[PDB]
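J.: experimental coordinates follow, after the sequence.
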Amino acid sequence: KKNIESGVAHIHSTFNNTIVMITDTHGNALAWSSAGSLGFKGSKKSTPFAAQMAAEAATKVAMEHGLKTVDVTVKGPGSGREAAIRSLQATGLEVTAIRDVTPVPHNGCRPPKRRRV
RNA sequence: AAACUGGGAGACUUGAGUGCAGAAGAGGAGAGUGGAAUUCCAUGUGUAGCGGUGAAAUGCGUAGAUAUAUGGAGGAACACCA
């Protein structure tokens, strides 16, 4: 439907999870996934393999509506950010841009206590 | 008695200040202003999780969360320079 054939992948990868949503060239979302929505639990949600299969479960649906063009904007200073890409290309999509979008404050707000573990 | 310390009348320019000619600086007080980010709000797309740990649970979520796009509101601190 809508035979968009263009869009941009958003990767949001923290220390203990990983989300990949694929939306079109502007806003409105088409298909998403995350490691939790694949039965994984707890620790394992941060290994790259989780990002592998989540990228797959998103692509497989995004190209069930016609899609080649995609870019990659990676938030999320975590680990599996590149495994997400390697699964994004090698199951059909047409990656052509990588960019980093990490919020960097110019010293505005105060962060929480340091943990004494 | 008259070297030294004290007192009295003077004299001097090296200490101390003044004039003239220049230099650097997150020194202080007042009044405006900028962008990055966090929170909340409004609206579109959007399906079942998100968040968190050494592992879990409490918490938020099908009164449509998280994500994602555009617009507003307020406060505090000023990345690189260093």
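T.: Alright, I've got the coordinates. Numbers count the residues shown, from 1 in each chain, chains lettered A, B, ... in the order given.
J.: counting contacts, what elements does the lengthiest helix in chain A pack onto?
T.: Taking DSSP state H as the criterion, chain A has its longest helix at helix A:48-62. Here helix A:48-62 touches strand A:18-23, strand A:29-34, helix A:81-89, going by 3 or more Cβ pairs under 8 Å, 6 or more residues apart in numbering; DSSP states H and E. Bear in mind the C-beta positions are built from the backbone N, C-alpha and C, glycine included.
J.: can you list the ones you listed in TSV and add mean neighbour count?
T.: As requested, these are exported to TSV (neighbours: other Cβ atoms under 10 Å):
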stretch	mean neighbour count
strand A:18-23	23
strand A:29-34	18
helix A:81-89	20
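J.: now these as a markdown table including distance to residue A:57?
T.: Formatted as a markdown table, the helices and strands packed on helix A:48-62 follow (distance: least, Cβ to Cβ, whole Å):
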| stretch | distance to residue A:57 |
| --- | --- |
| strand A:18-23 | 9 |
| strand A:29-34 | 4 |
| helix A:81-89 | 10 |
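J.: to residue A:109, which of these lies closest?
T.: strand A:18-23 (23.3 Å; Cβ to Cβ).
J.: need the contact partners of the closest one.
T.: A:7-13, A:29-35, A:45-46, A:50-51, A:54-55, A:58-59, A:62, A:67, A:70, A:76, A:78, A:80, A:84, A:88 (Cβ atoms under 8 Å, 6 or more residues apart in numbering).
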